[PDB]
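S.K.: Below is a structure I'd like to ask you about.
Note that each Cβ is placed from the backbone with ideal geometry, even for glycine, and that neighbours are counted across all protein chains shown. Values in this text are rule-based calculations from the coordinates and carry no lab data.
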Amino acid sequence: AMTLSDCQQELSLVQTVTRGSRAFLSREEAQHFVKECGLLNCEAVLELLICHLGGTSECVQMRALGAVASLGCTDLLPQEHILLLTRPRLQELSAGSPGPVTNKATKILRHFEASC
């Protein structure tokens, strides 16, 4: 955590994008998230999203995965670099019981692997 304590703007962003009752980001929310990512440290945002993939509820996991997918479909980080950072947690989730989070993590992982 201490290597992220100076990432308070990034934490606020991730807390914003992951709160809400719908499991899918809106077009507006995703575009806002991506715009703000461009102004902050993308890698730290991704590490904080990965933190929210564990120890949370199903809806927060779904929105955090959505945010990972959105960032992956930009050019803010090389997509091989997004894969390097996200592969372990995406592999763990994809090994889980069938369900929304398992399915969504699997599709994201298969997409990042295909691009490389």
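S.K.: By the scheme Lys and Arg +1, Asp and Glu -1, what is the net charge of all other residues having a beta-carbon under 13 Å from that of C42?
M.R.: Net charge in that neighbourhood comes out at -4.
S.K.: Right, next: Among rounded, prolate and oblate, which fits the chain when a ≥ b ≥ c are the square roots of the eigenvalues of its C-alpha gyration tensor, a/c under 1.5 means rounded, and a/b larger than b/c means prolate? Kindly include the intermediate steps, with their values, before the conclusion.
M.R.: Numbers: a/c = 1.37, a/b = 1.19, b/c = 1.15.
Rounded.
S.K.: Express the relative contact order of the chain as a whole percentage, based on alpha carbon pairs under 8 Å and six or more residues apart in sequence.
M.R.: Relative contact order here is 25 percent.
S.K.: Taking +1 at the Cβ of each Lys and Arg and -1 at the Cβ of each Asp and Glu, which of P88, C51, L25 sits farthest along the dipole of the chain towards its positive end, judged by Cα position relative to the Cα centre?
M.R.: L25
S.K.: Hey, another quick one. Which shape class applies to the range 52-116: rounded if a/c is under 1.5, otherwise prolate when a/b exceeds b/c and oblate if not, where a ≥ b ≥ c are the square roots of the Cα gyration tensor eigenvalues?
M.R.: Here the range 52-116 falls in the prolate category.
S.K.: Length gain on complete extension for the stretch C116 to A23, per 0.36 nm per residue less the alpha carbon to alpha carbon distance?
M.R.: 30.7 nm
S.K.: GNM on the chain, C-alpha springs below 10 Å: top fluctuator among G38, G55, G72?
M.R.: With Cα springs under 10 Å in the chain, the top fluctuation among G38, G55, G72 is at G55.
S.K.: If you don't mind, there's one more thing I want to ask. Residues with beta-carbon under 14 Å from that of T3, excluding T3: net charge, scoring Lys, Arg +1 and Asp, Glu -1?
M.R.: Taking every Cβ under 14 Å from that of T3, the sum is -4.
S.K.: How much net charge surrounds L90 when only other residues with a Cβ under 13 Å from its Cβ are counted (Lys, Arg +1; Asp, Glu -1)? Don't skip to the end; give the middle numbers.
M.R.: Values: positive: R87, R89, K104, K107, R110; negative: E92, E113.
With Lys, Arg at +1 and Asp, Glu at -1, the net is +3.
S.K.: Based on the Kirkwood radius over alpha-carbon pairs, what value in µm²/s does the Stokes-Einstein equation return for the translational diffusion coefficient of the range 39-90 at 4 °C and 1.567 mPa s?
M.R.: For these conditions, the coefficient is 116 µm²/s.
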